[PDB]
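Protein chains in written order, with the authors' numbering: chain C, 10 to 178; chain A, 1 to 14, 17 to 281; chain D, 5 to 265; chain B, 2 to 12, 16 to 282.
We put the beta carbon where it would ideally sit given N, CA and C, even for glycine.
I have placed the structure first, in the form of structure tokens, so that the comments after it can refer back to it.
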Amino acid sequence: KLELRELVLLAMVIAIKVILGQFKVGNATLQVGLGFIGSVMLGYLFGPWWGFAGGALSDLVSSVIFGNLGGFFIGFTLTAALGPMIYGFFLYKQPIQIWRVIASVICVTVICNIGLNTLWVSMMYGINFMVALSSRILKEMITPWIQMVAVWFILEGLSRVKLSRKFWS
Amino acid sequence: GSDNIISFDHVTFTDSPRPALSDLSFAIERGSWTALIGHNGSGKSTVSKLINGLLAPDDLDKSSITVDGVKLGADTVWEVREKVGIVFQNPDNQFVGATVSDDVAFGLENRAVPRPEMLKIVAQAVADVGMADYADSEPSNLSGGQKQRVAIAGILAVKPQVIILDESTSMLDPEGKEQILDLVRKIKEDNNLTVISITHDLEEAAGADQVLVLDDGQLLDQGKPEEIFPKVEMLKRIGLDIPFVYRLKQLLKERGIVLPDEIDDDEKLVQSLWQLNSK
Amino acid sequence: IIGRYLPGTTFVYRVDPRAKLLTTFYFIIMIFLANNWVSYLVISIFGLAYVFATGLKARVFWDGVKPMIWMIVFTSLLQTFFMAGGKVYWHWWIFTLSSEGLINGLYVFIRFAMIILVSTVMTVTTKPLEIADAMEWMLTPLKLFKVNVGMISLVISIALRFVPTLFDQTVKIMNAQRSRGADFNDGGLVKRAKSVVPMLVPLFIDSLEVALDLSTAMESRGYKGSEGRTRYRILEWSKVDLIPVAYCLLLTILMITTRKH
Amino acid sequence: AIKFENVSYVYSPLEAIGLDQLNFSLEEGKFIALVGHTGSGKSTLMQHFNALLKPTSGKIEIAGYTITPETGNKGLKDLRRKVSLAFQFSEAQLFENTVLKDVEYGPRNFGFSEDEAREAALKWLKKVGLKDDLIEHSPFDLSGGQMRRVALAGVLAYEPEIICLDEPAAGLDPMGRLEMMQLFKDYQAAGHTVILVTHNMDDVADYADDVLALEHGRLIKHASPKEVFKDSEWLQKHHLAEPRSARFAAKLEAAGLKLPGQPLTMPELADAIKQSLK
Ligand SMILES: Nc1ncnc2c1ncn2[C@@H]1O[C@H](COP(=O)(O)OP(=O)(O)NP(=O)(O)O)[C@@H](O)[C@H]1O
Ligand SMILES: Nc1ncnc2c1ncn2[C@@H]1O[C@H](COP(=O)(O)OP(=O)(O)NP(=O)(O)O)[C@@H](O)[C@H]1O
Ligand SMILES: [Mg+2]
């Protein structure tokens, strides 16, 4: 159901998500990767059902080029493809709303960053679930308070672009 | 012999108020370098996309686009697109393959050519454009000239009969422009193709066998390049940079030296000035 | 920053990328299946044999360990403190060291080291296009679900080819915006979040332009569909591909007997 | 007065000499133009003006500030205020909602008051020839020749003094190219240096006062264009081009027209031809 222009645009957005996984924001005290921004684009433009494929291929390409230094695994691909699905479900074509972005980031953090990524880490490294959860609870509890602003401004920018003559449909 | 014929056209894009191409009628002789010149946004790339069936006229009942004796229709675009190849403006946007000598194989892949034939055809096609030493090199390690050379190789692999240079050399160093124009003319002479070059530049079109001027989606004037440029008023009024020789002749006429309109190109002017000084 | 291939001559470089990728997935699977101390000794022996076979200097592996060394030590210490049993050694209010805790910390650091070593040997010792072809081949089983794998292969190829070009475009865009006077790291949270729109929006519009131009190019060269198209780059099995599988099988046999089972 | 002292940038197995020993002192208020073949490191030298890069071992004296290899990124928001760079495809940096807000996004970063920034943006859109009613349209909804003009009015609104332009008129129509070049040639008249980087050589012959020739990352010649295009053998040896008028004059000298002076521009060449025929 995707015309060839939209497939090439999906490849473009996957490449942008791969790139944005390396540009960090912050200082020596706290650094947040910008990879999440890629997700929201894959959630905002193409929707969830193609957002899943976008995320999976984004993780595959990131493993190919920049190297999956965390160990090749399918669970990590699932977690990298289960973010854009939620983002699309929440804000695919519905108008801009603050409650939508807040709920989206909270739901992705509860489902992807915690709850499933921690499960994969626990399974791979053989540690107990509580140990893995307490090892990365700090960053997965601090990050959403920054994501819910960065995603808001990114979504504002995308909504501004989509109303121009550049975007065909 | 008219290889390419376009009858009355309307290519109103979809939505926009004014048509992008009004009634446009022209023909291209086989083997003749025909150059389109028009103002920025006058509707040239739309003609390029119409030729190879990528778009279509809206009024299909009285619109004709004949290519090599094959009319353009709904069940024929995939045949006409085989014998017409376009080199687009951006050197790196159109580079689809992962590497050179893998991009040149895209045109053959799209036609299901067996691999034993592909492994020789791509090698020969890369050899024609002189990029032999750079086969299997990543796109980011090439300049604009090499990327355009590999795109020319790619559209030559399928062995087309029309090469439409859609402003191919409008993003390069003049040395690169000269090199690529020399390469394209060499390929045209060797393989006996027909080239249509779309250029805002006039020096490139100064050597064309024919010149077609587009203004606001209409065919303003048409003819040989030695009888189209001398009417400088038209080229000035539509916003085109007049070639150097004609601008110099206009300056001399302003200063008070009158020379024949037959005096085209540079060495003719040099000789005429020499005889005028010798008096 | 882009690409991590390091050329050489050793036989691991001649192993077909699909066989190597399957071996890495299988090693990751068989890491789970090891509990007893002699089983982790077997894991260590096999991982170190593979590492000494790939013939690489230790500095690339150290470069692969440095980014995530802090997480390694944090998780190992958490595992040591969480599980206690046997000798108590040094003690505190709640921080109870133990021989069981110490060996569990070592046996989780072993898993870290082996996963990192095998993944680094994959990423270093094969070209990116080879990994792309390996994954496009491994996605074959999806043909049974009627989903189209030609589209997925095309999308992977285009994204992989456009990652470096878009990276250069992104850094150029940031350079231009910084020359205009933008500050991309200072000013608090609201400023740091507002200063990502200039990074993205021109990049997104350039992506729209590139997508339209490339779609027009591929449509003009005859891309009717992903079905009915031969291939230029192919992967052919060799005799040296018998080396992984014979290795890859042998490991399994040991974990049938060596563990507690 | 811009001064460079042993400035040299280098990119590891990929150590490349992107720039070598440079020794030049550019004056203030002169239309300096950079020339060189492709891959001669014109952009690497260009990016040293606002300290986007930093010399590996050398010293830069730019607009009164000193740049050294160890200088940090803190404190440059008062240098990039006095040195503004317009990259090759400037139109690919527009992002804001309206053209006016995009133009005033420049001055707003440099402490300009909102009313002052808006008035400056209005003035510099009026000067670059953009239409009066085109101010509030979306920047993405314009043509190429108007996106370029908005971008040029963006990196030039806060009145910088050492502006550097990487081909500001790469893809404009001849009327637009003439308008932009006249705008810059008039901008320097107020006392601001307009360092330019163009492969094209006709406008450099017409406007520029100083020419910086770069060969493979090293400065080779630095003088007026009247003293650079004197012999074609040197230019052809070092890959540099030549303005069309000079080439035509050299070709005409073969027939023996003994042209007085040294023509470089089309009106100058025409006047020389007219004076010769007497
Ligand atoms: N996708 C489009 N949607 C609507 N209008 C368009 C589209 N593409 C082009 N146009 C308009 O149609 C006319 C002809 O377009 P086009 O032929 O692409 O101009 P152009 O001459 O190719 N620009 P250039 O490449 O710089 O010479 C112009 O008025 C364009 O603004
Ligand atoms: N970060 C860098 N620093 C220095 N040199 C670089 C860098 N990246 C690439 N180079 C190389 O340095 C040489 C000069 O680079 P560059 O300054 O871009 O030339 P250039 O001619 O000014 N580019 P262009 O504007 O298209 O003419 C080339 O061989 C580049 O490949
Ligand atoms: Mg440049």
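query: C-alpha distance - D:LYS264 paired with C:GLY135, whole-angstrom precision; result: 16 Å
query: Euclidean distance between Cα positions of B:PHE35 and B:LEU129; result: 23 Å
query: Cutoff 7 Å; reference C:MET157; Cβ partners in own chain excluding five residues on either side; result: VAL110, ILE111, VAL114
query: Under 7 Å by beta carbon: chain C residues contacting B:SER147; result: Within 7 Å Cβ-Cβ: nothing; B:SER147 doesn't reach chain C, min ~11 Å.
query: Endpoints, the beta strand (DSSP E) within which B:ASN27 is located; result: 26-30
query: Residues near residue 6 of chain C by beta carbon distance below 6 Å, same chain, minus five either side; result: Residue numbering for chain C in the displayed model covers 10 to 178; residue 6 of chain C lies beyond these limits and cannot be assessed.
query: Coarse secondary structure for A:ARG20, derived from DSSP in three states; result: coil
query: Secondary structure of B:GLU19, DSSP reduced to three states; result: coil
query: Length of the line joining the Cα atoms of D:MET155 and A:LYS85; result: 26 Å
query: Contact test: A:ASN54 Cβ vs ligand 1 heavy atom, cutoff 7 Å; result: no
query: DSSP-derived helix/strand/coil call for D:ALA38; result: coil
query: Short CB-CB distance (under 8 Å) between A:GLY146 and chain D; result: no
query: Nearest-angstrom beta carbon gap, B:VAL39 and B:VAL215 [assumed within contact, 8 Å]; result: 6 Å
query: Interface residues of chain C facing B:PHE144 [CB-CB closer than 8 Å]; result: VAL170, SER173, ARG174, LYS175
query: Residue burial classification, D:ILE5 (beta-carbon count within 10 angstroms, cutoff 16); result: exposed
query: Whole-number beta carbon distance between B:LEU218 and B:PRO247, since they are thought to touch under 8 Å; result: With a Cβ gap of about 18 Å, B:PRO247 and B:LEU218 do not count as contacting.
query: Cutoff 8 Å: B:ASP207 Cβ touching any chain A Cβ; result: no
query: Anticipated Cβ contact below 8 Å, B:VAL201 with B:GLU163, distance rounded; result: With a Cβ gap of about 21 Å, B:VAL201 and B:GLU163 do not count as contacting.
query: Any chain C beta carbon closer than 8 Å to B:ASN77; result: no
query: Beta-carbon neighbours of D:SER43, restricted to chain C and to distances below 8 Å; result: Result: empty, since nearest Cβ-Cβ is about 12 Å, beyond 8 Å.
query: Identified DSSP bridge partners for B:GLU6; result: B:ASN27, B:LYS63
query: Sequence-distant residues of its chain with Cβ nearer than 7 Å to B:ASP177 (five each side left out); result: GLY149
query: Among A:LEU174, A:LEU62, A:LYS255, A:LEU222, the one whose alpha carbon lies nearest that of A:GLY40; result: A:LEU222
query: Exposure of B:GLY180, with buried meaning 16 or more beta-carbon neighbours within 10 Å; result: buried
query: B:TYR12 Cβ short of 7 Å to ligand 2 heavy atom set; result: yes
query: First through last residue of the alpha helix (DSSP H) which encompasses D:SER161; result: 153-184
query: Chain-order list of residues whose beta-carbon lies under 8 Å from that of A:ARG151 (same chain, five-residue window excluded); result: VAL131, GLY132, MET133, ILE182, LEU185
query: N-terminal and C-terminal residue of the alpha helix (DSSP H) that C:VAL27 is part of; result: 13-29
query: Interface flag, B:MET185 vs chain A, CB-CB below 8 Å; result: no
query: Heavy atom of ligand 3 within 7 Å of A:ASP25 beta-carbon; result: no
query: Assigned exposure category for D:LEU52 - 16 Cβ within 10 Å defines buried; result: exposed
query: Bridge partners - A:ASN4, DSSP secondary structure assignment; result: A:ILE30, A:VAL69
query: Contiguous beta strand (DSSP E) assignments of at least 3 residues, all confined to the segment 158-227 of chain A; result: 164-168, 196-200, 212-217, 220-225
query: Selection of the segment 241-264 of chain B by Cβ proximity to chain A, strictly under 7 Å; result: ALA245, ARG248, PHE252, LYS255, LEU256, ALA259, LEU261
query: Contact list for B:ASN101 against chain C, beta-carbon separation under 8 Å; result: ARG169
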